[PDB]
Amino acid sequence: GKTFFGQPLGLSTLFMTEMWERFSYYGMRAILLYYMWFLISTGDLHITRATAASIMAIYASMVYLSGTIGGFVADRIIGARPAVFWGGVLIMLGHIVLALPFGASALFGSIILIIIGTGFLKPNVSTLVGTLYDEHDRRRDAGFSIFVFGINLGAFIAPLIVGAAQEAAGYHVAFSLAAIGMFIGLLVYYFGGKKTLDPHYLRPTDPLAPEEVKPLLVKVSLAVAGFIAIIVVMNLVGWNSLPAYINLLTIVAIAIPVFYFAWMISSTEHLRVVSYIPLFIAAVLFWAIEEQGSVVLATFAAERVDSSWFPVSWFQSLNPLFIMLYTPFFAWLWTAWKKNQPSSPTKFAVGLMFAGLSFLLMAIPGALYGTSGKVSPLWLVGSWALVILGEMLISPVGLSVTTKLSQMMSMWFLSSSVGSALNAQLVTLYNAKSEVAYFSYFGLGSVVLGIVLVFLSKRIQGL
């Protein structure tokens, strides 16, 4: 009878929970770079714009990385439903910290809170969506598709609302709106959740057995002690600038999948794991380019686009806008394409090519008009139109192609973390002087690697 778009009613709760969480997150993302520019311009924040850009990327990287851990903590320690709640509380506090009358000094506290908060919430709202369905329920795919629509919806309206708020009432109010967004999500989640969510998920579904507590404790302790020792050594030898710490985080984010690889490849469907390397690298490079929209394209939008009549942060709405527009088309395409459907390796290859084209496109206005002037918003619209076209190919089959080849599964989600970590290095190269070369180089490079993957496509599809 009564459903939410054909799904169990409980989906409406999780849909809105995540919509408002994504609202809070992408509302923040859409103005945080500009906020750091502002803090720099007033002499409050003593970093370069390049470093500010690097912060944005490594921020995203750590958020993605944190998300690969929150599932474990919920499933084994605190439960999925408390994970989402307290995750949301931390996210909200993270935005509240930026709304307070502080400047640069509040940035780190905010970043940590949201990293931890999102890590708790993001994987576990997804988990709770699954719990709405029996094993044999054919609606599961549809329900997640609707769930993802809620994600994109929140990502879409946030830059519009928060960005406008920022320009009208300043950054603190804008960040307060992101906080309020999360609060709304928490209200709907908490009271909505009590009614439709299985009480089972108030507790861990796979709680630590007695003999598991100490080994986990030792693991975490060694990791923290090791990380801290590195920071001590870094400060002793004078590698203690912010870019230095960002490099450390870059190294950590990249080393984690490198080590899982070295593990699996060393430890015979070995051949299959080897086949994932080009797919994973393709995913990483795609996510790198896609995640640069909130950094390099946001920079381009503010410095190089004639946007005198609307908030420049609004460009951040194009990414989720195009996902939502493309989605029913690609949904149709993959069912209608019965004969000769492309392989997932081919989708990755073509997906990366489109990402490459999105940057190659952005090289044109600077090459044609020079970089001193300002250009139409349509250049960015076209760029996002292209990279999202790439996303429609890689994103829906990403988890899929990885699975058909638990550690390796997290690596799919890690590819975006690695992509953002790569960005933390790359985006420091972007400026007005390097603009055309930046877009050309990384655009062409991605296309070439898309072509390389096309050549490799047949091998991979057999394994």
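So that the term is clear: the rigid core is the largest set of C-alpha atoms that superpose within 1.5 Å between two forms. When you see a residue number, it is the position in the sequence shown, counting from 1.
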* Structure fact -> Returned stretch for higher CA RMS in 9 other deposited structures of this protein, core superposition, given 26-34 and 409-417, is 409-417
* Is the larger C-alpha RMS shift in 9 other deposited structures of this protein, relative to this form with the rigid core superposed, found in 133-141 or in 375-383? -> 133-141
* No coordinates for residue 404 in a third or more of the other PDB entries -> yes
* May I ask whether residue 339 is missing from the deposited models in at least a third of the other compared entries? => yes
* **Extent of unmodelled deposited sequence, residue 406 relative to residue 405** => 4 to 9
* Quick one: classify how much of the deposited chain lacks coordinates between residue 267 and residue 268, choosing none, 1 to 3, 4 to 9, or 10 or more. => 4 to 9
* Comparing 252-260 with 284-292, where is the mean C-alpha B-factor higher? -> 252-260
* Higher-scoring stretch by recorded Cα B factor average, 326-334 or 296-304 -> 326-334
* Asked: Based on the PDB record, which member of 117, 109, 238, 390 exhibits the highest Cα temperature factor?
  -> 238
* Just grab whichever of 233, 165, 74, 125 has the top CA B-factor as deposited. => 233
* Asked: Taking the C-alpha B-factors as the PDB entry records them, is residue 412 in the lowest, middle or highest third of its chain?
  -> highest
* Third of chain Cα B-factors occupied by residue 353 -> highest
* Position of residue 152 among the chain's modelled residues by C-alpha B-factor, lowest, middle or highest third -> middle
* Mind checking which third residue 30 falls in for C-alpha B-factor across the chain? -> lowest
* Asked: residue 36: which third of its chain by C-alpha temperature factor?
  -> lowest
